[PDB]
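Asks: The structure under discussion is supplied below as structure tokens; questions concerning it will follow.
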Amino acid sequence: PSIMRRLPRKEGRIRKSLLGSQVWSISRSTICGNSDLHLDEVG
Amino acid sequence: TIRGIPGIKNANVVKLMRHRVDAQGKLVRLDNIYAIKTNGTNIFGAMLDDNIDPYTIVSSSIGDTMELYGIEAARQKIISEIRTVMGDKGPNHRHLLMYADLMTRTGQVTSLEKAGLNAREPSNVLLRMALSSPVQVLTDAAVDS
Amino acid sequence: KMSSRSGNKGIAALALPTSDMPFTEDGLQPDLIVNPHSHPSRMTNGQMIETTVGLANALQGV
Amino acid sequence: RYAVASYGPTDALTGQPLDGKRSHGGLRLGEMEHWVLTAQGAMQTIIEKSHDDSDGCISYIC
Amino acid sequence: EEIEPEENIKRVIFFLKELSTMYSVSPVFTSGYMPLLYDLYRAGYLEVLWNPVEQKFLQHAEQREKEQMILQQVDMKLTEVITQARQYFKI
Amino acid sequence: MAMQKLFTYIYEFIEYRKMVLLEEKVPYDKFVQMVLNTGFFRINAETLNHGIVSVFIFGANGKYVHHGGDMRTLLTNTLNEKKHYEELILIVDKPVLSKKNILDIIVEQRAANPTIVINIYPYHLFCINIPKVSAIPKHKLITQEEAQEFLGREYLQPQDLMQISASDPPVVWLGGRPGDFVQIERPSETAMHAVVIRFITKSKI
Amino acid sequence: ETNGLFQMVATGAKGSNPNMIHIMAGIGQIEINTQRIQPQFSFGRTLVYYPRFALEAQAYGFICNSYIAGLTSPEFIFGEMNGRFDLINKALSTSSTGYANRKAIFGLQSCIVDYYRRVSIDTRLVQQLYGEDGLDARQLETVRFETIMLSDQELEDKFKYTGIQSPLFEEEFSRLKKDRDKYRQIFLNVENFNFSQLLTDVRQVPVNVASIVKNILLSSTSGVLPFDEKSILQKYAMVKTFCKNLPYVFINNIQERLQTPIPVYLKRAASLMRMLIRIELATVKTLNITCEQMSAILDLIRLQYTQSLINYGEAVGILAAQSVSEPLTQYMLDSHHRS
Amino acid sequence: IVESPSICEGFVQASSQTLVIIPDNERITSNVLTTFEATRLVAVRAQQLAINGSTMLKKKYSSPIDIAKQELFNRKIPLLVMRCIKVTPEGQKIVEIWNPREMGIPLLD
Amino acid sequence: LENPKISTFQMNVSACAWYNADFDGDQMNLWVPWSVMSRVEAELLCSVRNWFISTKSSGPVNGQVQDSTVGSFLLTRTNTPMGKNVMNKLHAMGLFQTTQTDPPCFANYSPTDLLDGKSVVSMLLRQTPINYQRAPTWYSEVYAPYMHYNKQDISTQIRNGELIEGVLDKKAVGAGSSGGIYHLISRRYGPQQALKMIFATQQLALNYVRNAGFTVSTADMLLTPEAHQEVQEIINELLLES
Amino acid sequence: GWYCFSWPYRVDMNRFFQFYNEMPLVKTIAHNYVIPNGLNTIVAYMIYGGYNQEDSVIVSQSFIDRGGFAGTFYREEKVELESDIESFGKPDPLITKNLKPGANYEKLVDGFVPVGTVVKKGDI
């Protein structure tokens, strides 16, 4: 383990903690079809 | 070299369509026009041929067009080559200008890789660190102040 | 997620009661209602032939 | 399916939420999503998500 | 340093002045006529420029404001009733 | 068939620069005979400001491109003559451009003469009337005052504009020098044409 | 009239003609990388089921059967050879596209539209005007130009006004004619330095000028107007002045009132819009339009023209990278249909 | 001889700037708010209303977003848009001050 | 969704074109803005109506997909295997009971009066009158020799919202159809107005199929014994030339 | 399907045991060696309301209630101890520290929740 190893790759400091982000107040679920909803509406 | 020009291995005959203003000012499509589509690129080789119109040589090579015609013709070459890759279900034309105008703003055809970014934007270390290799960029930035 | 044996997977979207499902003149009603547009682009002909063969097997009891 | 909270378990080093549903942490707004939000011009949304909801703090510089 | 608009834009700005007390529009006096054009486009009625039928849109705006006020008051009464009932049930 | 193209388009290049020939023309056979015997052919022109431009065309197998001393002594003998020199155009074969020693004599001659523009160019740059190429937009040098007005209106610096090398073929044919501005009118598939301004930078050799 | 499978393909809902042919008639020749099944099974045999140096077309991937009739073992193996390429190229259409997408964005993202509609990198111009027209991709209309394909005789038949004998209308047709020549000259040159990019009389312009004239004529109660010399002359002056002040759309109304000089690169930006307006507001096409209705058309044209302008501070470098790196997914998906 | 570093060089704090406002008649930027600028104005006004709540809107709405939108549409928003044109090396900061009460609003309602 | 047994993010099928999504098992994120500043900008900038027109190809993104493309064809089709494509007043009103727009007026109709699909479509396009005239995807000269095309189905013409003739299919109402019905509505009435008409026209297409039916079977794929002999006789010619 | 014939004897993680399975009406030779997994659902190939678009399906609710594709899903909890430091038992509020907020310790019996009770979110 080294200080500079934390930087480079995808799981590195720059691409995982700075360019990306883990956030609160967010949800994920499988999507589904619903023909009674408008195009600008989400169930 | 025997009976040919260097750089091209195959030379086919194709039918292509062009417009031309008639004597009555009418713009008509001419379908019975034959040309030569070659495999391999040599603008200067076909430049010297007396059977080929030197003014209307269309290469598919950005570097060869840049070498002999300039950066403005290389700008139009990048737009043409991306559009060919993009097919017909491709982006608007103004998105192809953004690639060519960025890649040709320094007078030379820069790339979309680490070497190209270092030429257009040498002093933007943080952007350069994020792209490819932060350790190499950070070390060079410190010594260069 | 459900799937047939021809690789045509799908996601359960709606759950209708027994009186809202379509029914034949003889009272037969589906358990699953799949879009007919799932076939032509994927060419899963084995699923359609299976339904044709399996429909006669049920009545013939084989 | 997943939906967590306004707050929860936090990474010790970065101060960001943990990874995924298994650790009861948050979900990732990765590199490609900041590209889209920047393309749309959604900058106050980036502040709300990448700073207010992830690890935003106050740094004092002389 | 504008001085005076033209008769067509004079009647259009008269229309906007009369509509100001009726819709979310405030007339300005820019030389380029452009904020007026955006206001007319946003109102969904750009037909003042060529067709002298502004009165029907004035009546339309009055009507729409009327239903807006009616719905707003109905919602306020409904929500105060809901609040009082929830207070009653909490007690 | 490079030499035949040079023999016509070098004179077309001279005419395009609005320069008046000094020495009378010779037939093509005599031209190739001189190139074979002497090793180079020399053309002279005079600019509107009476500046003298001498263009040297070097054979591919000449001694001046293989031995650096020959080029050194040739340039030294040409640069100490009683004429109002302003530029020397050295047309050589393209591989000669890759020879480090020849470029070393070129840069040393540049250093020894700070007021004379020394340029070396390949054959292919003078084998077509470059402005007449369809793929090449229309370039035009613009004066310092016009560029200053344009930059003052746009709150711009010369370092902020797009930049084009002085060795760029249309810039070479125009005669642009580093520090100058070239306005380019180019075709467009969005506005049917466009106009840009580029800041000329130093040549690549 | 009753075939469900055919109606799905004929109406474009789902499927294509090769799908029905494969289902019903026959799969045909399996062609990987624009060539038949090369022999990788021991020097001249494509499979163990065919002899060495086989001459029959079946040995090289020609599937004679359809899906509804079923395939044999050798035909299924050849079908699996082509089917596996679809799975392989689909996997590559994610990673390979992602490698190119990220590199494109990191090079282009610094390009931001400034207050001059230029594209720059923090000081340094990348474009003098975004897209060389200063418009947004979401605000473009596909509009045909009438004068392009017409000969000089029928250009005068349709666009020369012979009602009033004034030198003003001689200049109107001359300006119409030399805009026709300029369009032809530029886009024939574009055809020259391209492989198969042909000239088209159809452009993407921000304002559909013809529709605005058509819309107002319908909503107007005035029918066929009587001949009025001053009204016709006044309308021509209004159109000529509007095209002269058209480049001020890119600056503001303040400089238009002051009539300060317009930069050259902004005069070129409104060249297509100037050309279309003079075609659709020609004296022959605005005979049944009052001078008051003409003001509405001019006011509506520059309202839509300003609405289509690109916004200040828009990250157009990310927009271009996303728009160009997305079709690479389909380009990679078709890797086995190319040499 | 280029000698040891002194105190004249090595400053980290950048020198202060003077705000140079372009006169109204010499402005080049458009007299129409962009969607970005209109959105920023509405968001700032809505947040400030959520903080203060003091408004001169004659109509009544039960949300800061609606009040901010109507204030922008009725040209009663107490904000200005400053368009930074250029930062000059000598220290000046040339900007453009635009009043959203006399520009065209691109939004729709 | 008040149903406690629903755990999925439901959306209209015509909205999948924005995200390149489908319902084979895809998962999508969703976060609701809470800050006032972020909530304002979501409504004004990031609304999906702002990307009805693609910033990539400058064309429309949304439209009818896979059931309102074939549903619109059947609704606008001139002739039905059971005669002329008409419907009584009761079934004409039933096509508008789901669109969630204001219902039209059917007072000038007896219960025995017959309405064709063109009239029903017209009552919906009167709200946003446009002008459209192209050839539908239904017509194809590849199919022409072996088909008897109806002369009123190969020319889709709409003036001022009145569908004069022709059928509506992928060319007119399909997703990504440049110059289509919804592209013209967006240019003349706004991208939000075009999205409401996509939903509104989707319901007529789906409500028509509620008793018109559409199916695919194995016999839809089966050549007749005489035509099978013609197919292999064609293939034998290819193998003869080979 | 029947993922294992000895499922009750196993404590497995993320395993689903579907109660009902059927031999296909059109079987293959692969079913001579493995147990078929699925049901012969009656399927209609039709457009019905637009809820089956884009590779979706419409499922009869009655088919769900009767046990169609219904089964039991298993998870395991394997917790270890530190030798002589930790122990299994119900904590008490007045001695133990930093108990989890909003927890439910009353369901523990001698350190473990008894078999057969329903444990929901927040329960220890």
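Ordering of the structure tokens sets the chain letters (A, B, ...), residue numbers begin anew at 1 in every chain, and ligands are numbered from 1 in the order given.
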Which residues are near residue 18 (chain C)? Cut-off 10 Å, only C-alpha atoms, ignore same chain within fewer than 5 positions. Put them as an NGL selection string.
Replies: (:C and (23 or 29-31)) or (:J and (60-63))
Asks: Do me a favour and pick out the residues of chain G within 8 Å of chain F, using only C-alpha atoms, as a PyMOL selection string.
Replies: chain G and resi 116+123-126+128+131-133+183+186-187+189-190+192-193+203-204+263-265+268-272
Asks: Enumerate as an MDAnalysis selection string the residues belonging to chain C that approach chain A to within 9 Å, with only C-alpha atoms taken into account.
Replies: chainID C and resid 11:14
Asks: Taking 3 positions as the minimum chain separation for residues in the same chain, which residues sit within 9 Å of residue 277 (chain G) when counting only C-alpha atoms? Answer as a PyMOL selection string.
Replies: chain G and resi 209-210+239+243+272-274+280-282+301
Asks: Would you put the residues from that selection into a file with C-alpha atoms, as a PDB file, in the first residue's frame?
Replies:
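Written output follows (selection.pdb):
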ATOM      1  CA  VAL G 209     -40.113  31.085 -43.238  1.00  0.00           C
ATOM      2  CA  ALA G 210     -42.572  29.511 -45.692  1.00  0.00           C
ATOM      3  CA  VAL G 239     -37.827  43.002 -46.631  1.00  0.00           C
ATOM      4  CA  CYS G 243     -32.245  41.325 -44.341  1.00  0.00           C
ATOM      5  CA  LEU G 272     -28.643  31.229 -45.221  1.00  0.00           C
ATOM      6  CA  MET G 273     -31.373  33.108 -43.348  1.00  0.00           C
ATOM      7  CA  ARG G 274     -30.972  36.101 -45.666  1.00  0.00           C
ATOM      8  CA  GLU G 280     -40.052  33.205 -49.460  1.00  0.00           C
ATOM      9  CA  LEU G 281     -40.731  36.963 -49.198  1.00  0.00           C
ATOM     10  CA  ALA G 282     -40.213  37.648 -52.893  1.00  0.00           C
ATOM     11  CA  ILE G 301     -39.116  35.528 -38.107  1.00  0.00           C
TER      12      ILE G 301
END
Asks: Residues near region 1-4 of chain A, anyone? I mean within 10 Å using only C-alpha atoms, not counting same-chain ones fewer than 3 positions away, as a VMD selection string.
Replies: (chain A and resid 7 to 8 12 to 13) or (chain B and resid 134 to 135)
Asks: Restricting the calculation to only C-alpha atoms, which member of A:16, A:42, A:21, A:27 is positioned closest to residue 6 (chain D)?
Replies: A:27
